[PDB]
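Coming up is one lone chain in structure tokens, specifically the form deposited in one PDB entry.
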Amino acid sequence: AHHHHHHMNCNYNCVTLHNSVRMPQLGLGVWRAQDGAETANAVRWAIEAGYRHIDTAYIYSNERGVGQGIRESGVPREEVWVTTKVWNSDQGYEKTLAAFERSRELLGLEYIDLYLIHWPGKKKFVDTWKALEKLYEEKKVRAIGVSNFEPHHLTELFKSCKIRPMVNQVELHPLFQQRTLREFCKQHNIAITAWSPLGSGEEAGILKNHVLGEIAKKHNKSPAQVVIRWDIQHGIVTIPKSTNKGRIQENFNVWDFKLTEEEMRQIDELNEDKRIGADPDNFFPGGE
């Protein structure tokens, strides 16, 4: 039904963007999922489990697999939110319009829900943003935003834009809690999506943290479920990645418990401002 396009009767919550679009608060990330079957299966399994939001990017090389999983699921496309991103090499007005068309074609879609500037770089994000504004005017995209932007990048963009970014997708997990950027984005009504919400694997050690383990035990949930619920209760969109059917299902089962104020505080206090992923200041491979 059309109401499913607006995520009205469903188990998951949404965050509302400044243009009144409702964005599902939990999605499936697909970075490092191989194109073809691995991605298609992950996406299909996520949709079967109840997910209605997939996060991909041109540079993940698996937009084909994402669209294949959506089609294989049989769920009407209007009920699913798809995010993708313009890569560094495609920044600049005309290159961004072209990159969008390529992504839309690979995905097999008539429109994309959210299109993001993937990394700021230094010199082309303003012109890139103008292309996103054009795509939005043309109704090719339902929402437009950025990723890995710091307050200084956003302030610079604000001086030139007609439509302010609706989303900023940034690294955010219990060791790197982005307090300053979150304050800035709250002030200016820019929704935050957390990438590497689980720390991007075992190296970072988040899922073995003792505090998370104790909270998990109290709720008979897993540490991953606790982290995802912490994201939810902070009003953050979260896009945990798994290619494993069981873990995909586990990460969705977060709507039937609540963390207390004290549990939320305990997780907040894990912050070390320890960045696990790439730094917006110097990560811009592939610029042209």
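For every residue, the number given is its place in the sequence shown, counted from 1. In this text, rigid core is short for the largest set of C-alphas that superpose within 1.5 Å between two forms.
One more form of this protein, deposited in another entry, exists but is not displayed; see below.
The only C-alpha among 101, 202, 138, 214 that moves by 2 Å or more between the shown form and the other one, given a superposition on the rigid core, is that of 202. The pair residue 200 and residue 151 is at least 3 angstroms farther apart at the CA level in the other entry than in the present model. Relative to this form, the distance between the C-alpha atoms of residue 200 and residue 179 is increased by at least 3 angstroms in the other entry.
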